[PDB]
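Single-structure report; data block below.
There are 2 protein chains.
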Amino acid sequence: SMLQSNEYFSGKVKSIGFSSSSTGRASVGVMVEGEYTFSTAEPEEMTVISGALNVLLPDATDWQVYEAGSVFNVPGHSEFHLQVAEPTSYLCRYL
Amino acid sequence: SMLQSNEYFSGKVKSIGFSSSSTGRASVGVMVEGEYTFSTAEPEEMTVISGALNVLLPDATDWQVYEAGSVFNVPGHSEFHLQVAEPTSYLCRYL
């Protein structure tokens, strides 16, 4: 199995990518305070492990605050936006 | 906030370390198939995010299998052992 450490946005997001039978392709990581735009290939399932994300999805008007334990889905071939206050850890699965 | 990518055991365990108000000092990471010995400073709380860990704690005879969603605690200044089958992601908090 391959594990790889990845960084994005000048080090404000860092993650470990992997692949397993139960998750498919996935990454766990952390984001620090900031505002981020992400683009998807495959649809993504995001789980907030600790902290919180303010989430703007392309097909719905309102931002929504996702605190620890919550799960959201992003469509494929899309753009979504996040806002982060305190360091926030997450699991992302590429569906 | 600081985020740092860490690797252990010749790259078989990789994690992102961070610190937040809700977690204290912590790391999220992934372990691949193998058998690992860890030593603690502070007590640690481990949450299995995906996959599974076979866990041997110093003060109890039996190994126990912790699958996704489960949480265990390791005392401070101790040694514990893990066995991993498929890539397994986790949250570790330094209590």
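Residue numbers (the authors' numbering), protein chains in the order written: chain A, 0 to 94; chain A', 0 to 94. A prime marks a further copy of an entry chain.
For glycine and all other residues, C-beta sits at the position ideal for the given N, C-alpha and C.
(request) Return the first residue and the last residue of the beta strand (DSSP E) that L56/A' is part of. (result) Neither: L56/A' is in no beta strand (DSSP E) and is coded neither H nor E.
(message) Can you tell me whether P57/A is buried or exposed? The criterion is at least 16 other CB atoms within 10 Å of its CB, across all chains shown.
(response) exposed
(request) Pick helix, strand or coil for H76/A', following the three-state DSSP scheme. (result) coil
(message) For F17/A', tell me which candidate among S38/A', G10/A', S0/A' and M30/A' has the shortest Cα-Cα distance.
(response) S0/A'
(message) How far does the beta strand (DSSP E) with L90/A' in it extend, from its first residue to its last?
(response) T87 to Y93
(request) Can you grab the Cα-Cα spacing for the pair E66/A' / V47/A', in whole Å? (result) 6 Å
(request) Please classify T22/A': is it buried, with 16 or more other beta-carbons within 10 angstroms of its beta-carbon, or exposed? (result) buried
(request) Out of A84/A, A59/A, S38/A and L55/A, state which residue places its alpha-carbon closest to the alpha-carbon of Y7/A. (result) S38/A
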